[PDB]
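Protein chains in written order, with the authors' numbering: chain A, 26 to 442; chain B, 26 to 443.
We treat Cβ as the ideally placed atom computed from N, Cα and C, and that holds for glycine.
First the structure, in the form of structure tokens, and then the observations on it.
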Ligand SMILES: *[C@@H]1O[C@H](CO)[C@@H](O[C@@H]2O[C@H](CO)[C@@H](O[C@@H]3O[C@H](CO[C@H]4O[C@H](CO)[C@@H](O)[C@H](O)[C@@H]4O)[C@@H](O)[C@H](O)[C@@H]3O)[C@H](O)[C@H]2NC(C)=O)[C@H](O)[C@H]1NC(C)=O
Ligand SMILES: *[C@@H]1O[C@H](CO)[C@@H](O[C@@H]2O[C@H](CO)[C@@H](O[C@@H]3O[C@H](CO[C@H]4O[C@H](CO)[C@@H](O)[C@H](O)[C@@H]4O)[C@@H](O)[C@H](O)[C@@H]3O)[C@H](O)[C@H]2NC(C)=O)[C@H](O)[C@H]1NC(C)=O
Ligand SMILES: *[C@@H]1O[C@H](CO)[C@@H](O[C@@H]2O[C@H](CO)[C@@H](O)[C@H](O)[C@H]2NC(C)=O)[C@H](O)[C@H]1NC(C)=O
Ligand SMILES: *[C@@H]1O[C@H](CO)[C@@H](O)[C@H](O)[C@H]1NC(C)=O
Ligand SMILES: *[C@@H]1O[C@H](CO)[C@@H](O)[C@H](O)[C@H]1NC(C)=O
Ligand SMILES: *[C@@H]1O[C@H](CO)[C@@H](O)[C@H](O)[C@H]1NC(C)=O
Ligand SMILES: [Ca+2]
Ligand SMILES: [Ca+2]
Ligand SMILES: [Ca+2]
Ligand SMILES: [Ca+2]
Ligand SMILES: [Ca+2]
Ligand SMILES: [Ca+2]
Ligand SMILES: [Ca+2]
Ligand SMILES: [Ca+2]
Ligand SMILES: [Ca+2]
Ligand SMILES: [Ca+2]
Ligand SMILES: [Ca+2]
Ligand SMILES: [Ca+2]
């Protein structure tokens, strides 16, 4: 059990234990009387004359992991009679070494609004202990982010791999105008971090946030019916790096899409617009590499079409017909003529006024009618009408907007009670 | 009815009526034989000698509203024997006149962000018909506002009085930079607007909206512990007119209020601030006329106190004591020293790091302890401790922030296994 013949053997011993202790008692048989220890003794392992193998110094896995020893039996004369046989000492590991970061100071940089979770810098540390045991198994962690807005982490670190990346929130909020420069303190721990007794090292990471010039531009307003020569530049986008191939992606599949994009990222309008066909547009600008692989998120472009006065007022019909009783007196409501304008509601482009131009016949007098200037309502201006005297009136009404006029024809039929 | 003794009476007749019938037959007993009509006859009202009172053409309430007539009975000689008595003709009104605006074009202006509902311009119209009847009772109304942003009315009009003012939304969103200049078309209707037969007039109203320079300034950042001469200008407010009386109002009603305002509207900090007693301030700037009237709403002032590193790290107590057993081996965790810094959390001002300076005694050797640079945790660095070789260690730990260093003292008592 702690004694026995010379045969191949392996013992496993913890390093860093008190330089006492026996390993094993080897047993003789005549003609053999003494024993000899050779190999990687490293002035640590010793055999007594009569078979007692032991070590006299602390072992160290880090200086040497396995000791390859040989034990021979000698006869009384001093000649080898058994062996040598190999005795193997496996030095079992303890956590006697602190992890060390390969640099005390790190620098990285990351583009604003880059994919969260993507490595931009690695911090690497090592531990001289056994990677196949807690003792040499490392766990990284952010100690502080400086500066820090409202307890919100803009960076994170992969607890195993040492990869530093932006969080969701960093991708989104990190702005080099507000804050171009961040310090991270990183801690590494052995024992996979899972012990209060683990050994720790720290290091410093300076991070520069580089500019992103790929952003959604300001909403565009374009006047319809452009009298100017086309195409016209209306907005632009720029990829961070040169060489990109620019597309425009039209989200509805419109009949004519009157915007396109050139190779510098300039967005042009091809044609005149018409408010009256098409009020507004949304589409996307996309950046490509030489390979046809999208470079980033697409960009939302908005075009508002401003109205011009490019439709005149129209008549509700070739002749609009109203009937009035003779028993009706000064100020009767007769009817409302409502002309239409295709230009933009509630603007001066579509805001009609009304004037009576002609009245035939003028009997018994002219001016028997008024039309309310904006409501378009016809009232009797003077007296009652008399079917006996004239059965019917024909009015020419001038409907006009800001800079167009239109003539519309109204018939007033006189009826009895 | 239609006949009776000569007595005071009152009849009511529509204007614009061509007469078809007499008004009344007055009867008198002998000695009375004929009758006489006097007063406001306007060569319209007539009495026949035989007592027959009537009118001879259309009346007009606008030319005359009440006719005050007298009828007397006469004798064969021509002497009065009854009366004269008052006969009253009330001319009942009809809606034969359009309302008219006194001007076809109106011009006004209003200061941006002024009191909504407050008249700045009056449009007046008149109607010759009877105020006491729908026929001469006027109703104003906006036809259109040009331009109009997102179907939102920036102006309104008092339907009776003709007063034009800003709506709530005009007060708030009207921006003279984007758009200083608005047209209103205003309609007036008789019949109190309630009839589709009413008569209408319209007018044009041109409005310029003047700029408001009375606005809340951008929030201020002021460093604490200013070494500069006080008071220090930090922001400003301006009323639209000169002669405003600028004041400051502290809501928190603090013991020490370290801001002031001068008569130009300039806002000062009066003293050094200290983040560590007081982090931020809010107060209000107020404008008054020379009698004490809030020239307008108060203005909200925000002062953020920026931190400087002006407190050094502190010790959790003069001596911090931990106990270690002899059976504790390399790397066993002993204890955590947590120093304090009053400066701003989660900044470099308060971010402590730890170094062991001294270990006494150095027996059996120096360097038996390490401290985790930021966690402040003491671990055994080399070997076990032995009460035989000293019952106690004394460590001097240098706690330092960005600019200051402080020595804190840790005592390790070596004790027996249990
Ligand atoms: C760019 O602006 C042009 C205006 O300079 C736009 O042309 C207008 O197009 C509308 C719709 O097609 C036409 O409206 C028609 O109006 C006629 C009566 O028009 C009469 O009025 C004008 C006097 O202003 C006179 O020039 C003519 O002799 C006509 O007698 C109605 O019968 C129809 O129902 C219809 O409403 C306009 O007439 C036309 N104006 C002109 C000057 O050509 C053009 O569409 C704009 N383009 C875009 C694409 O936005
Ligand atoms: C403006 O800045 C001033 C200086 O930066 C601030 O003065 C500080 O006031 C605090 C407490 O009110 C003091 O902190 C005390 O520190 C001692 C230990 O002090 C030793 O170390 C300091 C710094 O190196 C050294 O100067 C001394 O000689 C000492 O040997 C503790 O025992 C206290 O509890 C407390 O922490 C600072 O001592 C003092 N610093 C200085 C450099 O004068 C001032 O209060 C600031 N005012 C505002 C309005 O912000
Ligand atoms: C009112 O307008 C109508 C429509 O044009 C007139 O009637 C036309 O009169 C012409 C000759 O003047 C005839 O040849 C047509 O047969 C009529 N058209 C129709 C369909 O009735 C009418 O004359 C006008 N009346 C007045 C009093 O102006
Ligand atoms: C770090 O560096 C060492 C070489 O000295 C290498 O063997 C190791 O694989 C590297 N680790 C990481 C996490 O990239
Ligand atoms: C380390 O990272 C993985 C996620 O990648 C996570 O599941 C695990 O919980 C983390 N370890 C600790 C101790 O947080
Ligand atoms: C006009 O305003 C009065 C109060 O001034 C209000 O009571 C009345 O309802 C309004 N009339 C209409 C038609 O809204
Ligand atoms: Ca070792
Ligand atoms: Ca280790
Ligand atoms: Ca080891
Ligand atoms: Ca058009
Ligand atoms: Ca139009
Ligand atoms: Ca148009
Ligand atoms: Ca009249
Ligand atoms: Ca009247
Ligand atoms: Ca009237
Ligand atoms: Ca302070
Ligand atoms: Ca401070
Ligand atoms: Ca500090």
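Neighbour list for residue i in chain B, Cβ cutoff strictly below 7 Å
i             : result
residue 173/A : 371
residue 168/A : 399
Own chain residues within Cβ distance below 6 Å of residue i, not counting five before or after
i             : result
residue 251/A : 297
residue 104/B : none
residue 182/A : 165, 167 and 189
residue 137/B : 199, 201, 234 and 237
Proximity test, Cβ basis, 8 Å: residue i and chain A
i             : result
residue 229/B : no
residue 399/B : yes
residue 210/B : yes
residue 429/B : no
Backbone CA spacing between residue i and residue j [nearest angstrom]
i             : j             : result
residue 32/A  : residue 112/A : 8 Å
residue 82/A  : residue 350/B : 24 Å
residue 340/B : residue 285/B : 39 Å
residue 293/B : residue 327/B : 13 Å
residue 142/A : residue 135/A : 12 Å
residue 235/A : residue 316/A : 25 Å
residue 323/B : residue 333/B : 32 Å
residue 30/A  : residue 387/B : 48 Å
residue 281/B : residue 275/B : 10 Å
residue 383/A : residue 392/A : 9 Å
residue 249/B : residue 376/B : 19 Å
residue 57/B  : residue 158/B : 42 Å
residue 173/A : residue 372/B : 7 Å
residue 144/B : residue 219/B : 25 Å
residue 254/B : residue 273/B : 22 Å
residue 364/B : residue 424/B : 7 Å
residue 358/A : residue 85/B  : 23 Å
Span of the alpha helix (DSSP H), counted from its first residue to its last, around residue i
i             : result
residue 198/B : 193-198
Proximal residues to residue i (C-beta, below 7 Å), its chain only, five neighbours per side dropped
i             : result
residue 336/B : 301, 366, 367 and 368
residue 64/A  : 93, 94 and 95
residue 428/B : 334
Residues that residue i contacts on chain A, provided the C-beta gap is smaller than 7 Å
i             : result
residue 356/B : 120, 222 and 224
residue 150/B : Within 7 Å Cβ-Cβ: nothing; residue 150/B doesn't reach chain A, min ~14 Å.
First and last residue of the uninterrupted beta strand (DSSP E) at residue i
i             : result
residue 433/B : 430-440
residue 166/B : 164-171
residue 329/A : 324-331
residue 417/B : 417-425
residue 262/B : No beta strand (DSSP E) holds residue 262/B; DSSP gives it neither H nor E.
residue 380/B : 378-385
residue 58/B  : Where residue 58/B is concerned, there is no enclosing beta strand (DSSP E), given that its DSSP letter is neither H nor E.
residue 111/B : 105-117
residue 206/B : 206-214
Neighbourhood of residue i by C-beta, 8 Å cutoff - its chain only, sequence neighbours within 5 removed
i             : result
residue 180/B : 167, 170, 189, 190, 191, 192, 195, 207, 209 and 232
residue 244/A : 327, 328 and 329
residue 314/B : 268, 269, 270 and 320
Contact set between residue i and chain A, taken where Cβ atoms lie within less than 9 Å
i             : result
residue 376/B : 169, 171 and 210
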